[PDB]
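# Close look at the chain arrangement
This is what each chain is made of:
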Amino acid sequence: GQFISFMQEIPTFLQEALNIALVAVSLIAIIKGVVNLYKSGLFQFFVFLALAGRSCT
Amino acid sequence: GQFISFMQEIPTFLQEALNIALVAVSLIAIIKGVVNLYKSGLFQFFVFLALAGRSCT
Amino acid sequence: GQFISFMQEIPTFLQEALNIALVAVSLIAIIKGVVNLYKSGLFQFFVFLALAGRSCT
Amino acid sequence: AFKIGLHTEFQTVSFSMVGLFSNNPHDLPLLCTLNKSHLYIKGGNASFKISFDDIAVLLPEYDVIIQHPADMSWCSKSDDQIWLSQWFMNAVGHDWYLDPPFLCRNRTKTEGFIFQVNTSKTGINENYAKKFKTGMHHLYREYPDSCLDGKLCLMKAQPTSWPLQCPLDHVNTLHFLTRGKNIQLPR
Amino acid sequence: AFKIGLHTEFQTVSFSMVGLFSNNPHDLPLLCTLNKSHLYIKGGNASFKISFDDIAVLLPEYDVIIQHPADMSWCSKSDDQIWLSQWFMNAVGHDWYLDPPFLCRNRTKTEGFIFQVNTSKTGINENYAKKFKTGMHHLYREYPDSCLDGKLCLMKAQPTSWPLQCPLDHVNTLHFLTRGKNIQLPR
Amino acid sequence: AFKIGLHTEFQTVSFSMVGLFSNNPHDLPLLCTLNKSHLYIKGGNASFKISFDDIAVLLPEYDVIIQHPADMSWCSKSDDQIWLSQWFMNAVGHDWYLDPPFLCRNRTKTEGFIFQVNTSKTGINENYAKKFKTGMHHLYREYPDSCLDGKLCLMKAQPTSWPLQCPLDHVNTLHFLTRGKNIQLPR
Amino acid sequence: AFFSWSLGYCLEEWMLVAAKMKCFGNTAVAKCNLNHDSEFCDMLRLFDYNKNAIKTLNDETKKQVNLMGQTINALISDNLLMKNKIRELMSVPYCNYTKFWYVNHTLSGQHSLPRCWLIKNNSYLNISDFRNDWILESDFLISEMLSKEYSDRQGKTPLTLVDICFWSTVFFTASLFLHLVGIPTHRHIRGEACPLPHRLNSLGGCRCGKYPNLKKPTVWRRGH
Amino acid sequence: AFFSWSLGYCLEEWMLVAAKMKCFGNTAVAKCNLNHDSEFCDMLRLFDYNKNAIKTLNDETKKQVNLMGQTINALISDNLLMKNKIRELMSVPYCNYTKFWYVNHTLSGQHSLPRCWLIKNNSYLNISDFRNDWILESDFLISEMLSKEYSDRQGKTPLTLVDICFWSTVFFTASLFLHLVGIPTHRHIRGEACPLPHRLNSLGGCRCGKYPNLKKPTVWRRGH
Amino acid sequence: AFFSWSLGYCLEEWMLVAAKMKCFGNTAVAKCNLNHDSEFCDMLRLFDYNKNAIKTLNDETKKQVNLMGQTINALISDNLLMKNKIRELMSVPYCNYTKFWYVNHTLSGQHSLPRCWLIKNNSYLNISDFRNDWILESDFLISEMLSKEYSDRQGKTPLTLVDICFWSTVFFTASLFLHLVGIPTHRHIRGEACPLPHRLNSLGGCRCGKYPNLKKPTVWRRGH
Ligand SMILES: *[C@@H]1O[C@H](CO)[C@@H](O[C@@H]2O[C@H](CO)[C@@H](O[C@@H]3O[C@H](CO)[C@@H](O)[C@H](O)[C@@H]3O)[C@H](O)[C@H]2NC(C)=O)[C@H](O)[C@H]1NC(C)=O
Ligand SMILES: *[C@@H]1O[C@H](CO)[C@@H](O[C@@H]2O[C@H](CO)[C@@H](O[C@@H]3O[C@H](CO)[C@@H](O)[C@H](O)[C@@H]3O)[C@H](O)[C@H]2NC(C)=O)[C@H](O)[C@H]1NC(C)=O
Ligand SMILES: *[C@@H]1O[C@H](CO)[C@@H](O[C@@H]2O[C@H](CO)[C@@H](O[C@@H]3O[C@H](CO)[C@@H](O)[C@H](O)[C@@H]3O)[C@H](O)[C@H]2NC(C)=O)[C@H](O)[C@H]1NC(C)=O
Ligand SMILES: *[C@@H]1O[C@H](CO)[C@@H](O[C@@H]2O[C@H](CO)[C@@H](O[C@@H]3O[C@H](CO)[C@@H](O)[C@H](O)[C@@H]3O)[C@H](O)[C@H]2NC(C)=O)[C@H](O)[C@H]1NC(C)=O
Ligand SMILES: *[C@@H]1O[C@H](CO)[C@@H](O[C@@H]2O[C@H](CO)[C@@H](O[C@@H]3O[C@H](CO)[C@@H](O)[C@H](O)[C@@H]3O)[C@H](O)[C@H]2NC(C)=O)[C@H](O)[C@H]1NC(C)=O
Ligand SMILES: *[C@@H]1O[C@H](CO)[C@@H](O[C@@H]2O[C@H](CO)[C@@H](O[C@@H]3O[C@H](CO)[C@@H](O)[C@H](O)[C@@H]3O)[C@H](O)[C@H]2NC(C)=O)[C@H](O)[C@H]1NC(C)=O
Ligand SMILES: *C(=O)CCCCCCCCCCCCC
Ligand SMILES: *C(=O)CCCCCCCCCCCCC
Ligand SMILES: *C(=O)CCCCCCCCCCCCC
Ligand SMILES: *[C@@H]1O[C@H](CO)[C@@H](O)[C@H](O)[C@H]1NC(C)=O
Ligand SMILES: *[C@@H]1O[C@H](CO)[C@@H](O)[C@H](O)[C@H]1NC(C)=O
Ligand SMILES: *[C@@H]1O[C@H](CO)[C@@H](O)[C@H](O)[C@H]1NC(C)=O
Ligand SMILES: *[C@@H]1O[C@H](CO)[C@@H](O)[C@H](O)[C@H]1NC(C)=O
Ligand SMILES: *[C@@H]1O[C@H](CO)[C@@H](O)[C@H](O)[C@H]1NC(C)=O
Ligand SMILES: *[C@@H]1O[C@H](CO)[C@@H](O)[C@H](O)[C@H]1NC(C)=O
Ligand SMILES: *[C@@H]1O[C@H](CO)[C@@H](O)[C@H](O)[C@H]1NC(C)=O
Ligand SMILES: *[C@@H]1O[C@H](CO)[C@@H](O)[C@H](O)[C@H]1NC(C)=O
Ligand SMILES: *[C@@H]1O[C@H](CO)[C@@H](O)[C@H](O)[C@H]1NC(C)=O
Ligand SMILES: *[C@@H]1O[C@H](CO)[C@@H](O)[C@H](O)[C@H]1NC(C)=O
Ligand SMILES: *[C@@H]1O[C@H](CO)[C@@H](O)[C@H](O)[C@H]1NC(C)=O
Ligand SMILES: *[C@@H]1O[C@H](CO)[C@@H](O)[C@H](O)[C@H]1NC(C)=O
Ligand SMILES: *[C@@H]1O[C@H](CO)[C@@H](O)[C@H](O)[C@H]1NC(C)=O
Ligand SMILES: *[C@@H]1O[C@H](CO)[C@@H](O)[C@H](O)[C@H]1NC(C)=O
Ligand SMILES: *[C@@H]1O[C@H](CO)[C@@H](O)[C@H](O)[C@H]1NC(C)=O
């Protein structure tokens, strides 16, 4: 719930070097976690089990 | 020392979502650290040096 | 800036087990990060692009 | 009230006065100053008016020289006026056994009610003048302080109808209660 | 004292009273109220008993009308009784120069010692009655407040032996010390 | 001031006294004690010296027995001495209507100015002696407390030149201002 | 009871000039449970005593409610009011217990404690001689709000738990790296295949005689 | 000295009705080094003055220990006792400085400051009209204990150290991932082997003439 | 105004015995904006009133600055001075408002609030009977400095941000490990090659008939 208030208050504490550093590291961590998981193959197994049996190729 | 008092007080702050989340992540981190280290092979080198020379196989 | 004051005050809070543990983990993390990055190969690509074209070998 | 900063606002709150005064379990004596000269003190049913000037309407030779509250019964026919006068003089500080007395009229005289005190800043009664100045300063917020150091200065208090425009302040009432010792408020 | 919550307990601590009183470097005057009527004040060696009723045992015409502590020497032969009476009247508030006096007996009379004050809530002595009511309320925790507003009410104080069952409270002693100014406790 | 610990230092700050006293908007009465006996009180222009001993220089039969500040005008020709004496006695606590009076000289007599009070710890004036002892203790930091409980003890105050070596302390001045009520400091 | 609340409190309509029910924040009101230098809270105590007075009066009791100088002296702070009158004597700003202002954070409803609007020469003080106060007041309000929101979660979780989580995380990272870099398992003969299971001994041979003890060079690897 | 301790203090046997030596916690006792609205601490100050009195008396000194109204007025809080008597006048709960209660945490020995058990009509107050207090008292006790235990370690470690540890950890994780994903080192010819050490140049050839500059396609890999 | 500052304040030359301008720290001076038991701050208030007195006098005003017992009583704390005189009566240490000492941290300029150097028998107290105080004073000074430096950054960053960073970091580590250990993708026939793209179905075959449905054993691997 306080996340929405954080978005509302974003242009108040954004004038701090540590704040931008923390938000940047959080964003890069989230995005590379997503890309790394896509490199892992869980959704690859999802499409594998979806394709299992229905199609030869 | 305060760890024992923590075990004594466990069913007092256990009624908090963040508390159960933190204890769960700590436990899963510990267990997968142990299993990952067993996958590494330090104890494999232990049994290697134990078996070194005494047995051909 | 406060880092210099930290170096000045080092032999004041150094008499704490948690303090030495934290400084040791920080130092080992920094050094193995450096060695791991050297194992990665970014500077290897630096020397690769430096050697590119000028020398056959 | 206006926006200050980026999400904050500046606004003020003002407390009522007539409700607090009309709502107290007892009846409080209230002091007031209207225009820049006219001082007023209202007790239970005595709405006394106080002024300062160098006009001597009373003389020690032919008057009553009140020294004790017991003699005050010889001045007015109503007990409320006696109570108000005695307690006002007690609040300003007039311990009746070591100070000059003050002058009033015999009640049977056909000239109403009035009491007056001389506070001229001269050789004699200089200490009394300074004490009365301090009491007036403490019992009235913005004291005009008439009758500056000079020839003569006499204060007079007379009974008049209570004007319906006095700002019912409460700081002066608090100081009157604090300075006055063992003051008993009726009702 | 019982378990509250899951690891916490609720328990109380009570402070002793006889040790604090018997342990003070000086001797403290203690006030007490026994049953629902009998008031008691014990000083150094004066164990005075106070009651209220509309019985007039003393009269102004044939008595000593004490106005000053100097005249109090004409009532009792022991200085402790004089000290206790004077300081009790000072504590309740009886500034001796602006108030009605109080009546006592000549010492050579063969009828013991007693002092009495009239506090009937009538036209005269109404202000004194209210002041004494406030003093009694401040100097006694649960004041019975006998002799309600009516015909007459006189308080009497007489010397009796100190009963060995009074709850030795200390709030009343603190109020007696606070109200009484420049009270000198012996020993 | 020296090094304590590993990076911390211990050092002290002392406040000046002559600047604060010479810098006050008014003139403050200052009390002092020199050597181990000589007590001094300096007001506006009265540099009074106080001593204690069992020497009776004044007698009730042939003197002025001052009971009220009004009679004090019959002792000295300068108003500052009268002000200082009256306010010092008021500060130590001498409410003039319930206490024994104190003795002084007629002004026309050719023997200077002096006032004296007897405080011998005997049967009569024992309460006054204890009250004066408490006042002296409160108005002087390290009271020598001469004339111990015995035959006689009389305090004398006389006018002498102000010595230029008294430690201008300020705790005693604060206590003098606190004990003295409605004291008016000139200039 | 009287104003010693332990945690909101609203000011009724008849108490305010605007004649509207205005609830003040409980946290802000609870600030002066020990403050003796807040004229706003002195007025609050006076009004609470008055409220108890109407409660008694309409309850039709016999309470001997004496009103005298000592009662009001005990209610309000004598020292503060005397200091205010002192500041009135010399011509410096003061306030006659009637006007109060505060900085309001309109998004979360949190507000600062209302100070006193100082006066001078029978007039109020405008923004020209007063701007230096509300800026730092608002900054401190934001800082206090952030600190309180942090302490709310702070005072409900154990330090041992977070310390355990931190140490478990650092061990997790260390072991992850240990897996990642890889540590050689056994020795292969240079130029040959994996000797497992009949693996060479310390001096490069076997005690059973199948592998000659030639002290052949070995290289440590992970796989076969 | 008197009760201005800077950090436990126990109540002797003769002071308590149970007549047993009861040590109160030092942290709880130190709470009222500035509080003026705690009857328990007023009684504590009175008893400390009495204790110093026996010390002087049995030391056989000549101290002029005057006992008068002003002394006791200076010892206890006049305002608090006057407020208590005021609350006594109108029929509302008060306490006559004799009974105090507290919430005790029996595992660590930490206890709350003993409040005053209010009285009314010559009787004590039972749990029916009093249950709303001790619940929040115990909750605040637990919160205060947790906050104090946190602040104990908090006020002995530097913020710069933990910041350095956090940044070192995040860099460690980033570099670990950089090792893990792998970054291609050099270019191999599509369909051929590794050209190293005689490796092809930008336009797919060599300046020495061994490898023709045919602009052959290349793929970036790590290994050989 | 008077001493109610809301945040440094220096002591002028004529006020100090050393006759040198000595700036005290603003944070330390601001400590006693509510303390009533600090003789140093009582002297500070007295000197501030005197300073305002010279300001008025050299401004040539008509202010009726009455100096009486009540004014000084309102300025200094009557209770504290009365307690000091009480402690003077019985022979126990006290201080006559003239000498103060503090512990100074010379590297950052932070200093403790100056206490009062107690006296006895017309003499000061030396280190033999006083060493137990300044050690804990310095320890508390260091602890307070560390706590203040921490709280400075503490009250300027949001808890939600750091919580988001922590959860993002733990997810980052978890996914990094998930990449590292490796999870098998598809099934290869035991003893054969990779069937992709014409991959075997659940029962080990194909619906198009190219791969017979023989229920051949399969092993899950990542690569081809
Ligand atoms: C209220 O107090 C003032 C104080 O000034 C009284 O006025 C003063 O009255 C006395 C009467 O004896 C005057 O003394 C005489 O004055 C002249 C010289 O000034 C001369 O006849 C004598 O040598 C003697 O000193 C005094 O001067 C006079 N004050 C002034 C400034 O003229 C006033 O009468 C008092 N009011 C009442 C109603 O009692
Ligand atoms: C203590 O004070 C009471 C106050 O009531 C005294 O009783 C009062 O005594 C006076 C004596 O003059 C009575 O005044 C006279 O009463 C009647 C009418 O009531 C009549 O003879 C006269 O017109 C005059 O007013 C007064 O009434 C009486 N009070 C009551 C309520 O009867 C009492 O005597 C005092 N006690 C002592 C021991 O002095
Ligand atoms: C200041 O007070 C002291 C208090 O002692 C006065 O001395 C006392 O003077 C009275 C005068 O009547 C003495 O009383 C008589 O004394 C003897 C027996 O002691 C005898 O003649 C009588 O029976 C009567 O009691 C009293 O004793 C005496 N005190 C002492 C200790 O001797 C002193 O005179 C006062 N000073 C001034 C200047 O007034
Ligand atoms: C001292 O406190 C009093 C209240 O006890 C303040 O009085 C206020 O004075 C202002 C003028 O400065 C009044 O405003 C005027 O009020 C009426 C409203 O019908 C009307 O004459 C004007 O339109 C104007 O608004 C204000 O009402 C009044 N407040 C109260 C509650 O009575 C006074 O300002 C304070 N003293 C100083 C020196 O500021
Ligand atoms: C005011 O404080 C006093 C103490 O100063 C409290 O007195 C206490 O009163 C209770 C009864 O409510 C006493 O309990 C009884 O005590 C004796 C013990 O032998 C006996 O009569 C009964 O068995 C019963 O336990 C209690 O002892 C007493 N406490 C003290 C220390 O004397 C009083 O309760 C307070 N006032 C009110 C209105 O509660
Ligand atoms: C009470 O406070 C006073 C100040 O109001 C303290 O007086 C101080 O006393 C010492 C001696 O103990 C003085 O030191 C001496 O001062 C002069 C300097 O020329 C000289 O005689 C000696 O060389 C020595 O340094 C000190 O100056 C003085 N301070 C002031 C500000 O006057 C006094 O110590 C305090 N009371 C007690 C019992 O300590
Ligand atoms: C109020 O709005 C609730 C705030 C909850 C914040 C949770 C943050 C979760 C971070 C997202 C991680 C996503 C990983 C795939
Ligand atoms: C008091 O009991 C001491 C508490 C110490 C807690 C240490 C926690 C250590 C975490 C275990 C890591 C194990 C890694 C293999
Ligand atoms: C004042 O001196 C500034 C203090 C800034 C400290 C920054 C710490 C950075 C840690 C080094 C990481 C290096 C990674 C290669
Ligand atoms: C007093 O004020 C009233 C109200 O404004 C005004 O009508 C009247 O003239 C004033 N009187 C004097 C004497 O100033
Ligand atoms: C007028 O009142 C005074 C004041 O007591 C009194 O002395 C005088 O006798 C009264 N006059 C008459 C005619 O009664
Ligand atoms: C007073 O109380 C005592 C003790 O209980 C009792 O014996 C006696 O009868 C009581 N007296 C009255 C008059 O109530
Ligand atoms: C009785 O005492 C009184 C009180 O002073 C006194 O006036 C009276 O003379 C005494 N009686 C005798 C017979 O001495
Ligand atoms: C008083 O002190 C001064 C200054 O030291 C000294 O000269 C003088 O002799 C002393 N007098 C007495 C009586 O002790
Ligand atoms: C001396 O002064 C006294 C004190 O009032 C006075 O009574 C007396 O008459 C004066 N002497 C002369 C001779 O005037
Ligand atoms: C702050 O302003 C908001 C605006 O909606 C209002 O609701 C709130 O009550 C104000 N806070 C106060 C008065 O404390
Ligand atoms: C006060 O205000 C009045 C007008 O209301 C003005 O004439 C006067 O000069 C002002 N005084 C001061 C000291 O500012
Ligand atoms: C205060 O200053 C502002 C500046 O804009 C001005 O508008 C306003 O009138 C001033 N107030 C007073 C009372 O002078
Ligand atoms: C709380 O209860 C425990 C039970 O063992 C006791 O030891 C401890 O003293 C109590 N705490 C107090 C009285 O502060
Ligand atoms: C007080 O208690 C008594 C019994 O002790 C009872 O009769 C009376 O009604 C009670 N009064 C109130 C006001 O509760
Ligand atoms: C308080 O309420 C409880 C409820 O169980 C009851 O047992 C107890 O007697 C009550 N106490 C009083 C004094 O009425
Ligand atoms: C502490 O000592 C240093 C030494 O350089 C000094 O500059 C500083 O002012 C001192 N701190 C104080 C007096 O608060
Ligand atoms: C006080 O000091 C003096 C010397 O200045 C000495 O003679 C005396 O014994 C000391 N007294 C005490 C009680 O220490
Ligand atoms: C205090 O003790 C120290 C110990 O070294 C000593 O040098 C010093 O003289 C003592 N001070 C006093 C006043 O006795």
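Residues numbered from 1 in each chain as written, not as in the entry; some residues may be left out. Chains lettered and ligands numbered in written order. Part of a larger assembly, values for the part shown. Heavy atoms only, no water.

### Description of the overall build of chain A
- What chain A contains, in helices and strands, is three helices and zero strands.
- When the helices and strands of chain A are read in sequence order from the N terminus, they spell out α-α-α.
- The globule rule puts the C-alpha radius of gyration for 57 residues at 10 Å, and the 19 Å found for chain A is more than 25% above it.
- Across its three principal axes, chain A shows a C-alpha extent of roughly 55 × 25 × 15 Å.
- The buried share among the 57 residues of chain A stands at 30%. (Helix = DSSP H or I, 4+ residues; strand = E, 2+ residues; numbered from the N terminus. Rg over C-alpha atoms; globule rule 2.2 N^0.38 Å. Buried < 20%, exposed > 50% of the residue type's maximum accessible area, 1.4 Å probe, protein only.)

### Structural notes on unusual backbone geometry
- With omega at 0°, the peptide bond leading from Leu196 of chain G into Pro197 of chain G counts as cis.
- In this structure, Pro197 of chain G sits in the loop between β8 (186–189) and β9 (218–221).
- The phi angle at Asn182 of chain F is positive, at roughly 60°, despite the residue not being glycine.
- Along the polypeptide, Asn182 of chain F turns up in the segment after α4 (171–179).

### A few points about the interface of chain G and chain H
- At the interface, 27 residues of chain G touch 23 residues of chain H.
- Around 2,300 Å² of area is buried between chain G and chain H when both sides are counted, 68% of it from carbon and sulfur atoms.
- The largest share of the area that chain G buries against chain H comes from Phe2, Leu159 and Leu180 of chain G, three residues that together contribute 24% of it.
- Linking chain G with chain H are one salt bridge, by the criterion used here.
- A salt bridge links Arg153 of chain H to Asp163 of chain G; the shortest N-O distance between them is 2.8 Å.
- Put simply, chain G and chain H have two residue pairs in polar contact between them.
- Counting residues per element, the ones that place at least two in the side of chain G that touches chain H are α3 (69–75) and α6 (159–181) of chain G.
- The leading source of residues in the side of chain G that touches chain H is α6 of chain G, at nine residues. (Contact = heavy atoms within 4.5 Å. Buried area = accessible area lost by both parts, 1.4 Å probe. Salt bridge = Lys/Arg side-chain N within 4 Å of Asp/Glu carboxyl O. Polar contact = N/O pair within 3.5 Å; in protein donor to acceptor, adjacent residues only side chain to side chain.)

### Observations concerning the UniProt feature "disulfide bond" in chain G
- With an S-S distance of 2.0 Å, the disulfide that UniProt assigns to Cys32 of chain G and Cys41 of chain G is formed in this structure. The same class applies to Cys32 of chain G and to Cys41 of chain G, which are both buried. (Disulfide = S-S within 2.5 Å. UniProt positions renumbered as here; feature names shortened; annotations may be inferred.)

### Quick word on the side chain of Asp169 of chain F
All names here are of chain F.
- Positionally, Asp169 belongs in the loop between β9 (154–159) and α4.
- Notably, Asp169 is buried but unbridged: the nearest opposite-charge side chain belongs to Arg141, and the N-O separation is 4.4 Å.
- A polar contact is formed between the side chain of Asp169 and the side chain of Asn172, at a distance of 3.1 Å. (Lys, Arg positive; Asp, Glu negative; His and termini not counted.)

### Details of the arrangement of the chains
- Chain D makes no contact with chain H; the smallest distance between any of their C-alpha atoms is 13 Å.
- Chain E makes no contact with chain I; the smallest distance between any of their C-alpha atoms is 13 Å.

### Describing the site of ligand 16
- Ligand 16 sits among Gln11 of chain D together with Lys22, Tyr102, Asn104, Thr106 and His111 of chain G.
- In this structure, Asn104 of chain G approaches ligand 16 through a side-chain N or O atom, which is 2.3 Å from an oxygen atom.
- Starting from 350 Å² of accessible surface for ligand 16 in isolation, the protein chains cover 59%.
- Grouping the constituent residues of the shell around ligand 16 by class yields one nonpolar, four polar and one charged. (Near = heavy atom within 4 Å. Areas by Shrake-Rupley, 256 points an atom, 1.4 Å probe, with all protein chains shown as cover. Nonpolar A, V, L, I, M, F, W, Y, C, P; charged D, E, K, R; others polar.)

### A closer look at the pairing of strand β2 (residues 8–14) of chain D
- Two elements, strand β1 (residues 2–4) of chain D and β2 of chain D, share three bridges in a ladder whose sense is antiparallel. Each residue of the ladder has a partner; that of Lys3 of chain D, found in β2 of chain D, is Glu9 of chain D.
- Hairpin geometry of β1 of chain D and β2 of chain D is characterised by an intervening segment of three residues between the two adjacent antiparallel strands and by a positive phi of about 85° at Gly5 of chain D.
- Bridging between β2 of chain D and strand β3 (residues 99–105) of chain G involves seven bridges; their strand directions are antiparallel. (Pairing = 2+ DSSP bridges.)

### So, the nonpolar core
Residue and element names in this part refer to chain D.
- Core analysis: the largest hydrophobic core is formed by 79 residues, its most contacted members being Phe52, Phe88 and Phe176.
- Counting residues per element, this core draws most heavily on helix α2 (residues 79–92), at eight residues.
- Residues in contact with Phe52, not counting those within four places in the same chain, are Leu39, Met136, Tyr143, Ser146, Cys147, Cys153, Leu154 and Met155. (Core = buried A, V, L, I, M, F, W, Y, C linked by side-chain atoms within 4.5 Å.)

### Quick look at the environment of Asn106 of chain F
Residues and elements named next belong to chain F.
- You can see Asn106 is positioned in the loop between β7 (102–104) and β8 (115–118).
- As a C-alpha pair, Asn106 and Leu168 span 62 residues in sequence and 34 Å in three-dimensional space.
- A polar atom in the side chain of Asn106 sits 2.3 Å from the side chain of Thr108.
- Here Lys109 takes part through its backbone nitrogen, which lies 2.9 Å from a polar atom of the side chain of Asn106.

### Quick word on the site of ligand 8
Residue and element names in this part refer to chain B.
- Around ligand 8 sit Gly1, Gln2, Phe3, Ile4 and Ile30, and those are all the residues in its vicinity.
- At 2.2 Å, a backbone N or O of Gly1 approaches an oxygen atom of ligand 8.
- Here an oxygen atom of ligand 8 sits 3.4 Å away from a polar atom, N or O, in the main chain of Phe3.
- Considering each element in turn, the shell around ligand 8 owes the most residues, three residues, to helix α1 (residues 2–13).
- Of the residues in the shell around ligand 8, the class split is three nonpolar, two polar and no charged.

### So, the packing of aromatic side chains
- Within this structure, the stated rule accounts for 96 aromatic pairs over all chains.
- Ring geometry for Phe3 of chain G versus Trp5 of chain G: centroids 6.4 Å apart, planes at 10°, classification stacked.
- Look at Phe3 of chain G and you get buried, because its relative accessible area is 8%.
- Through pairs of rings, three or more aromatic residues link up here, namely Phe2 and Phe10 of chain D together with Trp101, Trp117, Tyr124, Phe130 and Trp134 of chain G. (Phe/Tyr/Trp six-rings, centres within 6.5 Å; stacked < 30°, edge-to-face > 60°.)

### Concerning the side chain of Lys156 of chain F
Residue and element names in this part refer to chain F.
- If you trace the backbone, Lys156 turns up in strand β9.
- In this structure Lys156 comes out as buried when scored by relative accessible area, which is 8%.
- There is a polar contact of 3.1 Å between the side chain of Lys156 and the backbone oxygen of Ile55.

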